[PDB]
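**Student:** Can you read through this structure? Questions will come right after.
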Amino acid sequence: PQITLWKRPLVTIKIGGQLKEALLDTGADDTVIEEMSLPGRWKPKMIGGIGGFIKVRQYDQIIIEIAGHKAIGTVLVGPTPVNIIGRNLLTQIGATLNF
Amino acid sequence: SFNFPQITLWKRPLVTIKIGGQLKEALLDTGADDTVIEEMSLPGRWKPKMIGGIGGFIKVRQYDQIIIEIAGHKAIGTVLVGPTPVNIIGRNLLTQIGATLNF
Ligand SMILES: CC(C)(C)NC(=O)[C@@H]1C[C@@H]2CCCC[C@@H]2CN1C[C@@H](O)[C@H](Cc1ccccc1)NC(=O)[C@H](CC(N)=O)NC(=O)c1ccc2ccccc2n1
Ligand SMILES: [Cl-]
Ligand SMILES: [Cl-]
């Protein structure tokens, strides 16, 4: 619960019965995780980053545990190089950025 | 506090920065290794670099030892200049203003 930024802020997540590592990312609007199957229905979405846009699958109301905190919300699945926890779920677990 | 704000993440964590004499808005971004600013003029030597993120890579100019004011806090470090859609303050400078994640 107090994470400095001299290293990447990586945490463990539990999603679709798997443990994975993910990046706590205040610069991401959305949560984007590498290809895997999830227990739900999806719809298409386009999202942008540095370097253009990618197609992802949008899964709503997904149960995901981040550093032991449970969230239930939208997870995007697509060709990201790193699993990213964005503000939609950072807010659910009560994360803040402090000076 | 006003001098050391606790920033909630309901909205994008945007702040005012001053760089190269100019005021700009930038994103405080714990998920970025580097600080990347839109095309602008900076002094000194630079070297070309490729940096990547979600969509792929962009070519930037790397400048070292740049002074930047971030929400009124002084930080010095490398700044990459290039075709980023959003100015972002990455971990190399967030550490210099004592930023932490808390939950
Ligand atoms: C994740 C998504 C919802 C698409 N949002 C974003 O990606 C938004 C888009 C915004 C507008 C365009 C400019 C970027 C800002 C902030 N970003 C969030 C932002 O936090 C984003 C998230 C991220 C992390 C790691 C890998 C990829 C993507 N970081 C980045 O784009 C930074 C840029 C940099 N410093 O070089 N990338 C990295 O720090 C980084 C780290 C490891 C990597 C490994 C392999 C390939 C690329 C890698 N890039
Ligand atoms: Cl959500
Ligand atoms: Cl630096």
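Order determines the names: the first chain of the structure tokens is A, the second B, and so forth; residues in each chain are numbered 1 upward, and ligands are numbered 1 upward as they are shown.
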For residue A:52, please output as a list in words all residues within 8 Å (counting only C-alpha atoms; exclusion window: fewer than 3 positions along the same chain).
**Tutor:**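 Counting only the stated atoms, we get residues 48 and 49 of chain A; 54, 55 and 56 of chain B.
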**Student:** Mind writing the picked residues with N, CA, C and O atoms as a PDB file, in the first residue's frame?
**Tutor:**
```pdb
ATOM      1  N   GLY A  48      -6.441   3.621 -27.763  1.00  0.00           N
ATOM      2  CA  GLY A  48      -5.229   4.256 -28.275  1.00  0.00           C
ATOM      3  C   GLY A  48      -4.179   4.349 -27.194  1.00  0.00           C
ATOM      4  O   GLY A  48      -4.445   4.447 -25.990  1.00  0.00           O
ATOM      5  N   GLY A  49      -2.951   4.313 -27.661  1.00  0.00           N
ATOM      6  CA  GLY A  49      -1.823   4.534 -26.756  1.00  0.00           C
ATOM      7  C   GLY A  49      -0.776   5.298 -27.571  1.00  0.00           C
ATOM      8  O   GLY A  49      -1.121   5.884 -28.592  1.00  0.00           O
TER       9      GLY A  49
ATOM     10  N   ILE B  54       1.397   1.071 -26.225  1.00  0.00           N
ATOM     11  CA  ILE B  54       0.374   0.128 -26.650  1.00  0.00           C
ATOM     12  C   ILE B  54       0.148  -0.014 -28.150  1.00  0.00           C
ATOM     13  O   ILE B  54      -0.306  -1.104 -28.550  1.00  0.00           O
ATOM     14  N   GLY B  55       0.003   0.209 -29.471  1.00  0.00           N
ATOM     15  CA  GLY B  55      -0.020   0.607 -30.842  1.00  0.00           C
ATOM     16  C   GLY B  55       1.365   0.389 -31.460  1.00  0.00           C
ATOM     17  O   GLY B  55       1.487   0.337 -32.683  1.00  0.00           O
ATOM     18  N   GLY B  56       2.445   0.282 -30.667  1.00  0.00           N
ATOM     19  CA  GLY B  56       3.765   0.213 -31.274  1.00  0.00           C
ATOM     20  C   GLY B  56       4.728   1.325 -30.863  1.00  0.00           C
ATOM     21  O   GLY B  56       4.641   1.865 -29.755  1.00  0.00           O
TER      22      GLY B  56
END
```
**Student:** How close does each residue of chain A get to ligand 2, giving the shortest atom pair and distance in Å to one decimal for every residue with an atom at most 8 Å away, counting only C-alpha atoms and all ligand atoms, sorted by chain and residue number, as a Markdown table?
**Tutor:**
```
| residue | atom | partner | partner_atom_place_in_ligand_line | distance |
| --- | --- | --- | --- | --- |
| A:30 | CA | ligand 2 | 1 (Cl) | 7.9 |
| A:60 | CA | ligand 2 | 1 (Cl) | 7.1 |
| A:61 | CA | ligand 2 | 1 (Cl) | 7.2 |
| A:72 | CA | ligand 2 | 1 (Cl) | 7.1 |
| A:73 | CA | ligand 2 | 1 (Cl) | 3.8 |
| A:74 | CA | ligand 2 | 1 (Cl) | 4.1 |
| A:75 | CA | ligand 2 | 1 (Cl) | 7.3 |
| A:88 | CA | ligand 2 | 1 (Cl) | 4.8 |
| A:89 | CA | ligand 2 | 1 (Cl) | 6.2 |
```
**Student:** Dump N, CA, C and O atoms for the selected residues as a short mmCIF file (atom, residue, chain, number, x, y, z; two decimals), in the first residue's frame?
**Tutor:**
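What landed in result-v8.cif:
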```cif
data_model
loop_
_atom_site.label_atom_id
_atom_site.label_comp_id
_atom_site.auth_asym_id
_atom_site.auth_seq_id
_atom_site.Cartn_x
_atom_site.Cartn_y
_atom_site.Cartn_z
N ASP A 30 -8.12 2.81 -18.99
CA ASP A 30 -8.70 1.48 -19.05
C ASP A 30 -7.71 0.42 -18.58
O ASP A 30 -6.52 0.69 -18.55
N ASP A 60 -17.28 -6.73 -19.76
CA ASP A 60 -17.79 -5.96 -18.65
C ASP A 60 -18.01 -6.85 -17.45
O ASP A 60 -18.18 -8.07 -17.60
N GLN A 61 -18.07 -6.23 -16.28
CA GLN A 61 -18.41 -6.90 -15.00
C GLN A 61 -17.56 -8.14 -14.77
O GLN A 61 -18.04 -9.22 -14.39
N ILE A 72 -14.74 -5.24 -9.52
CA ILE A 72 -15.62 -5.90 -10.50
C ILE A 72 -15.89 -4.84 -11.54
O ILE A 72 -16.52 -3.80 -11.24
N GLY A 73 -15.36 -5.04 -12.75
CA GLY A 73 -15.51 -3.95 -13.71
C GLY A 73 -14.98 -4.37 -15.08
O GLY A 73 -14.82 -5.55 -15.36
N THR A 74 -14.73 -3.42 -15.95
CA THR A 74 -14.42 -3.71 -17.35
C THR A 74 -12.94 -4.03 -17.53
O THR A 74 -12.04 -3.33 -17.03
N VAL A 75 -12.69 -5.12 -18.21
CA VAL A 75 -11.35 -5.54 -18.56
C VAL A 75 -11.29 -5.69 -20.07
O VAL A 75 -12.16 -6.35 -20.65
N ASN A 88 -10.03 2.89 -14.19
CA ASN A 88 -11.36 2.34 -13.94
C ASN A 88 -11.31 1.37 -12.75
O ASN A 88 -12.29 1.32 -11.97
N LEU A 89 -10.23 0.60 -12.60
CA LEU A 89 -10.13 -0.32 -11.46
C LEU A 89 -9.26 0.26 -10.35
O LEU A 89 -9.49 -0.12 -9.20
#
```
**Student:** Contacts from chain A to chain B, 6 Å maximum, only C-alpha atoms: show me the residue list as a ChimeraX atom specification.
**Tutor:** /A:1-5,25-27,49-54,80,87,91,94-99
**Student:** Between A:20, A:69, A:43, A:7, which is the closest to ligand 1 once you count only C-alpha atoms and all ligand atoms?
**Tutor:** A:7
**Student:** When you count only C-alpha atoms and all ligand atoms, which of these residues is closest to ligand 3: B:62, B:16, B:78, B:22?
**Tutor:**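 Going through B:62, B:16, B:78, B:22 one by one, the smallest distance to ligand 3 is for B:78.
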**Student:** List every residue of chain A that DSSP, applied to the backbone of this structure, places in helix (DSSP H, G or I), and write the result as a PyMOL selection string.
**Tutor:** chain A and resi 87-90
**Student:** Could you work out how far atom CA of residue B:17 lies from atom CA of residue B:77, giving the answer in Å with one decimal?
**Tutor:**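 These atoms are spaced 13.9 Å apart.
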**Student:** Compare A:13, A:90, A:28, A:77 by their minimum atom-to-atom distance to ligand 1, counting only C-alpha atoms and all ligand atoms, and give me the closest one.
**Tutor:**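 Among the listed residues, the smallest separation from ligand 1 belongs to A:28.
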**Student:** Which polymer residues have any atom within 8 Å of an atom of residue A:56, counting only C-alpha atoms, with same-chain residues fewer than 6 positions away left out, as a JSON list (two decimals) with C-alpha atoms, in the first residue's frame?
**Tutor:**
```
[["chain", "number", "residue", "atom", "x", "y", "z"],
["A", 44, "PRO", "CA", -15.32, -4.84, -29.73],
["A", 45, "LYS", "CA", -13.50, -1.67, -28.70],
["A", 46, "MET", "CA", -10.69, 0.42, -30.13],
["A", 47, "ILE", "CA", -8.20, 1.95, -27.69],
["A", 76, "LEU", "CA", -10.02, -5.18, -22.08],
["A", 77, "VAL", "CA", -8.15, -8.09, -23.66],
["A", 78, "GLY", "CA", -5.76, -7.54, -26.53],
["A", 79, "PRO", "CA", -2.17, -7.37, -27.80]]
```
**Student:** Using DSSP secondary structure from the backbone, list all strand (DSSP E) positions within chain B, as an MDAnalysis selection string.
**Tutor:** chainID B and resid 6:7 14:19 22:28 36:37 47:53 56:70 73:81 88:89 100:102
**Student:** Just the number, please: distance in Å from atom CA of residue B:20 to atom 1 (C, counted along the ligand's line) of ligand 1, one decimal.
**Tutor:**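 Those two atoms sit 28.0 Å apart.
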**Student:** Skipping near chain neighbours, those fewer than 2 positions away, what residues fall within 8 Å of residue A:83 using only C-alpha atoms, listed as a list in words?
**Tutor:**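 These residues fall inside the cut-off: residues 21, 22, 23, 31, 32, 33, 34, 80, 81 and 85 of chain A.
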**Student:** Can you tell me how far atom 34 (C, counted along the ligand's line) of ligand 1 sits from atom CA of residue B:34, in Å to one decimal?
**Tutor:**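 Between atom 34 (C, counted along the ligand's line) of ligand 1 and atom CA of residue B:34 the gap works out to 4.9 Å.
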